[PDB]
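S.K.: I'd like to ask you about the structure that follows.
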Amino acid sequence: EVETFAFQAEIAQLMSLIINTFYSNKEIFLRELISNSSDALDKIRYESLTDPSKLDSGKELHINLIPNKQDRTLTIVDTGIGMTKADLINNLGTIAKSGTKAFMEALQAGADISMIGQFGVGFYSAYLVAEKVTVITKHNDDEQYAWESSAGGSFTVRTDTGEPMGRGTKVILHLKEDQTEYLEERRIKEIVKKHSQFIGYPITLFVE
Ligand SMILES: O=C(c1ccc(O)cc1)c1cc(Cl)ccc1O
């Protein structure tokens, strides 16, 4: 059972801007996704301080970066709070309508695409390098779901039954053919060191 949804007009507009605007500094997508993972890990950490049972679904708080050259995918995995089906559908827990408006107003006032994260819509920078994005998530209060979108104005949501993840979110980036540099170990290391060197959770770069 696959449900298909239309993006709200402002988000479709944001995604089209990200896909069609000439902007060479695409590497910021990884900083934005690691920042989202760090925010999700802060949330489960904070909840766990008053209710330790919130960590029954996994005590380790970390981020993994998994390149796969054969599948042309870069996966970002975290053991953060995860998202309910309701929050997945509601723009992956973001204030994407108001955030898109504020980002649009900033771009007209001198901002550049790298400042996207300041407006709470950093997730959508995945579309600088991915033709398709799959988001697998598990929140303590709901079941495991898979969100997917190749942009074009719609996304799908389905229950995910293969590979239970305990708790957290997995962002699978199906890379564009000219963006395979982001599967190279030395390139990922360089971007992590440049933009995410002080993230408060261990970041493990997997090898092949
Ligand atoms: O699960 C979350 C999430 C949940 C709540 C939250 O406030 C922030 C991010 C998640 C969302 C994205 Cl899009 C990427 C990584 C993630 O860890």
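So you can find residues: chains in the structure tokens are A, B, ... in the order shown, residues in each start at 1, and ligands are numbered from 1 in order.
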Name each residue within 6 Å of ligand 1, counting only C-alpha atoms and all ligand atoms, as a PDB file with N, CA, C and O atoms, in the first residue's frame.

M.R.:
```
ATOM      1  N   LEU A  33      22.267  17.886   5.985  1.00  0.00           N
ATOM      2  CA  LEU A  33      21.698  16.609   6.452  1.00  0.00           C
ATOM      3  C   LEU A  33      22.308  16.145   7.773  1.00  0.00           C
ATOM      4  O   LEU A  33      21.583  15.628   8.638  1.00  0.00           O
ATOM      5  N   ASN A  36      20.620  18.175  10.460  1.00  0.00           N
ATOM      6  CA  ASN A  36      19.291  17.631  10.746  1.00  0.00           C
ATOM      7  C   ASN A  36      19.425  16.400  11.651  1.00  0.00           C
ATOM      8  O   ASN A  36      18.690  16.269  12.621  1.00  0.00           O
ATOM      9  N   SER A  37      20.386  15.507  11.346  1.00  0.00           N
ATOM     10  CA  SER A  37      20.627  14.312  12.175  1.00  0.00           C
ATOM     11  C   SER A  37      21.023  14.715  13.596  1.00  0.00           C
ATOM     12  O   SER A  37      20.501  14.147  14.556  1.00  0.00           O
ATOM     13  N   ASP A  39      20.250  17.462  15.173  1.00  0.00           N
ATOM     14  CA  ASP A  39      19.041  18.004  15.803  1.00  0.00           C
ATOM     15  C   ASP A  39      18.126  16.880  16.311  1.00  0.00           C
ATOM     16  O   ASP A  39      17.591  16.983  17.414  1.00  0.00           O
ATOM     17  N   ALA A  40      17.964  15.801  15.519  1.00  0.00           N
ATOM     18  CA  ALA A  40      17.158  14.626  15.887  1.00  0.00           C
ATOM     19  C   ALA A  40      17.783  13.873  17.069  1.00  0.00           C
ATOM     20  O   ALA A  40      17.069  13.378  17.925  1.00  0.00           O
ATOM     21  N   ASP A  78      21.099   8.064  11.143  1.00  0.00           N
ATOM     22  CA  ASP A  78      21.273   8.539  12.511  1.00  0.00           C
ATOM     23  C   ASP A  78      20.349   7.735  13.429  1.00  0.00           C
ATOM     24  O   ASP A  78      19.380   7.113  12.954  1.00  0.00           O
ATOM     25  N   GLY A  80      18.654   9.204  15.897  1.00  0.00           N
ATOM     26  CA  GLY A  80      17.911  10.294  16.522  1.00  0.00           C
ATOM     27  C   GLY A  80      16.488   9.902  16.889  1.00  0.00           C
ATOM     28  O   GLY A  80      16.129   8.719  16.887  1.00  0.00           O
ATOM     29  N   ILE A  81      15.638  10.910  17.160  1.00  0.00           N
ATOM     30  CA  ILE A  81      14.258  10.680  17.625  1.00  0.00           C
ATOM     31  C   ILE A  81      13.359  10.013  16.543  1.00  0.00           C
ATOM     32  O   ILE A  81      12.335   9.413  16.874  1.00  0.00           O
ATOM     33  N   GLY A  82      13.727  10.158  15.280  1.00  0.00           N
ATOM     34  CA  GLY A  82      12.903   9.646  14.194  1.00  0.00           C
ATOM     35  C   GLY A  82      11.655  10.488  14.022  1.00  0.00           C
ATOM     36  O   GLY A  82      11.467  11.505  14.706  1.00  0.00           O
ATOM     37  N   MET A  83      10.827  10.098  13.071  1.00  0.00           N
ATOM     38  CA  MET A  83       9.617  10.842  12.749  1.00  0.00           C
ATOM     39  C   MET A  83       8.421   9.929  12.667  1.00  0.00           C
ATOM     40  O   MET A  83       8.532   8.827  12.126  1.00  0.00           O
ATOM     41  N   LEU A  92       8.363  16.420   6.599  1.00  0.00           N
ATOM     42  CA  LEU A  92       9.466  15.824   7.369  1.00  0.00           C
ATOM     43  C   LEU A  92       9.777  16.630   8.645  1.00  0.00           C
ATOM     44  O   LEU A  92      10.948  16.897   8.956  1.00  0.00           O
ATOM     45  N   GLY A  93       8.724  16.988   9.374  1.00  0.00           N
ATOM     46  CA  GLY A  93       8.855  17.709  10.644  1.00  0.00           C
ATOM     47  C   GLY A  93       9.383  19.130  10.563  1.00  0.00           C
ATOM     48  O   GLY A  93       9.787  19.693  11.585  1.00  0.00           O
ATOM     49  N   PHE A 123      16.870  20.125   4.654  1.00  0.00           N
ATOM     50  CA  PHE A 123      16.647  18.793   4.067  1.00  0.00           C
ATOM     51  C   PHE A 123      16.584  18.868   2.538  1.00  0.00           C
ATOM     52  O   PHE A 123      17.166  18.038   1.856  1.00  0.00           O
ATOM     53  N   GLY A 168      15.311   6.061  14.621  1.00  0.00           N
ATOM     54  CA  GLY A 168      16.109   7.054  13.911  1.00  0.00           C
ATOM     55  C   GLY A 168      15.671   7.270  12.483  1.00  0.00           C
ATOM     56  O   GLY A 168      14.541   6.928  12.108  1.00  0.00           O
ATOM     57  N   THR A 169      16.564   7.878  11.691  1.00  0.00           N
ATOM     58  CA  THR A 169      16.258   8.210  10.296  1.00  0.00           C
ATOM     59  C   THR A 169      17.435   7.868   9.390  1.00  0.00           C
ATOM     60  O   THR A 169      18.612   8.064   9.760  1.00  0.00           O
TER      61      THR A 169
END
```

S.K.: List every residue of chain A that DSSP, applied to the backbone, labels as helix (DSSP H, G or I), and write the result as a ChimeraX atom specification.

M.R.: /A:9-20,28-50,52-55,85-89,91-93,96-108,113-119,122-128,180-183,185-195

S.K.: Distance CA of residue 118 in chain A-CA of residue 196 in chain A, one decimal place?

M.R.: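 We find that CA of residue 118 in chain A and CA of residue 196 in chain A lie 15.4 Å from each other.
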
S.K.: What's the 6 Å shell around range 197-207 of chain A, counting only C-alpha atoms, without same-chain residues fewer than 6 positions away, as a PyMOL selection string?

M.R.: chain A and resi 62-66

S.K.: Show which residues sit within 7 Å of range 9-13 of chain A, as a list in words. Count only C-alpha atoms, and ignore same-chain residues fewer than 6 positions away.

M.R.: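 Skipping anything fewer than 6 positions along the chain leaves residues 96, 97, 100 and 153 of chain A.
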
S.K.: Write out the residues from the selection above, keeping N, CA and C atoms, as a compact mmCIF listing (two decimals), in the first residue's frame.

M.R.:
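To be explicit, this is the file written out as part28.txt:
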```
# COMPACT_ATOMS: atom_id res chain seq x y z
N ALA A 96 8.22 24.02 6.59
CA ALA A 96 8.61 24.27 5.21
C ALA A 96 7.83 25.38 4.51
N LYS A 97 6.54 25.59 4.81
CA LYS A 97 5.81 26.67 4.14
C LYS A 97 6.36 28.04 4.58
N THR A 100 10.21 28.36 3.70
CA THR A 100 10.42 28.63 2.26
C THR A 100 10.20 30.11 1.97
N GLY A 153 6.75 17.46 -7.92
CA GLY A 153 5.52 17.85 -7.24
C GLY A 153 4.85 16.83 -6.35
```

S.K.: As an NGL selection string, please: the residues near residue 174 in chain A (cut-off 7 Å, only C-alpha atoms, same-chain neighbours under 6 positions excluded).

M.R.: :A and (72-74 or 130-133)

S.K.: Applying 10 Å and only C-alpha atoms, which residues near residue 149 in chain A remain after dropping the ones on its own chain fewer than 3 positions away? List them as a list in words.

M.R.: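 Listing them by chain and then by number gives residues 4, 5, 7, 127, 131, 132, 133, 134, 135, 152, 153, 154, 155, 156 and 157 of chain A.
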
S.K.: Quick check, in Å to one decimal: how far apart do CA of residue 192 in chain A and CA of residue 32 in chain A lie?

M.R.: 11.1 Å

S.K.: Select from range 13-193 of chain A everything DSSP, run on the backbone, classes as strand (DSSP E), then give the selection as an mmCIF file with C-alpha atoms, in the first residue's frame.

M.R.:
```cif
data_model
loop_
_atom_site.group_PDB
_atom_site.id
_atom_site.type_symbol
_atom_site.label_atom_id
_atom_site.label_comp_id
_atom_site.auth_asym_id
_atom_site.auth_seq_id
_atom_site.Cartn_x
_atom_site.Cartn_y
_atom_site.Cartn_z
ATOM 1 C CA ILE A 63 25.673 9.354 12.563
ATOM 2 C CA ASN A 64 26.907 6.987 9.830
ATOM 3 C CA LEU A 65 27.826 7.961 6.250
ATOM 4 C CA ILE A 66 27.534 5.093 3.850
ATOM 5 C CA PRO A 67 28.601 5.444 0.199
ATOM 6 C CA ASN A 68 27.666 2.700 -2.302
ATOM 7 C CA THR A 73 23.832 6.082 -3.367
ATOM 8 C CA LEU A 74 25.027 8.053 -0.358
ATOM 9 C CA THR A 75 23.143 7.166 2.810
ATOM 10 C CA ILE A 76 23.098 9.262 6.021
ATOM 11 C CA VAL A 77 21.945 7.218 9.025
ATOM 12 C CA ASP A 78 21.273 8.539 12.511
ATOM 13 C CA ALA A 130 20.151 13.595 -5.724
ATOM 14 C CA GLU A 131 17.652 12.761 -8.478
ATOM 15 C CA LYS A 132 15.663 10.750 -5.872
ATOM 16 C CA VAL A 133 15.623 10.790 -2.084
ATOM 17 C CA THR A 134 14.334 7.948 0.119
ATOM 18 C CA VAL A 135 13.823 8.625 3.847
ATOM 19 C CA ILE A 136 13.362 5.592 6.151
ATOM 20 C CA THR A 137 12.334 6.548 9.706
ATOM 21 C CA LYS A 138 11.294 4.991 12.990
ATOM 22 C CA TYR A 145 7.894 4.244 7.221
ATOM 23 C CA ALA A 146 9.570 5.049 3.898
ATOM 24 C CA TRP A 147 9.098 8.482 2.285
ATOM 25 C CA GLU A 148 10.311 8.912 -1.290
ATOM 26 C CA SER A 149 10.410 11.686 -3.880
ATOM 27 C CA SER A 154 4.782 14.600 -5.364
ATOM 28 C CA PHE A 155 6.087 12.194 -2.716
ATOM 29 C CA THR A 156 5.044 8.751 -1.522
ATOM 30 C CA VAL A 157 4.755 7.184 1.923
ATOM 31 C CA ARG A 158 4.602 3.416 2.595
ATOM 32 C CA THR A 159 5.182 1.112 5.559
ATOM 33 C CA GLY A 168 16.109 7.054 13.911
ATOM 34 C CA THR A 169 16.258 8.210 10.296
ATOM 35 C CA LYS A 170 18.049 7.007 7.151
ATOM 36 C CA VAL A 171 18.341 9.482 4.228
ATOM 37 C CA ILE A 172 19.172 7.640 0.975
ATOM 38 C CA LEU A 173 20.501 9.917 -1.770
ATOM 39 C CA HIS A 174 20.176 8.431 -5.281
ATOM 40 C CA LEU A 175 22.839 10.626 -6.832
#
```
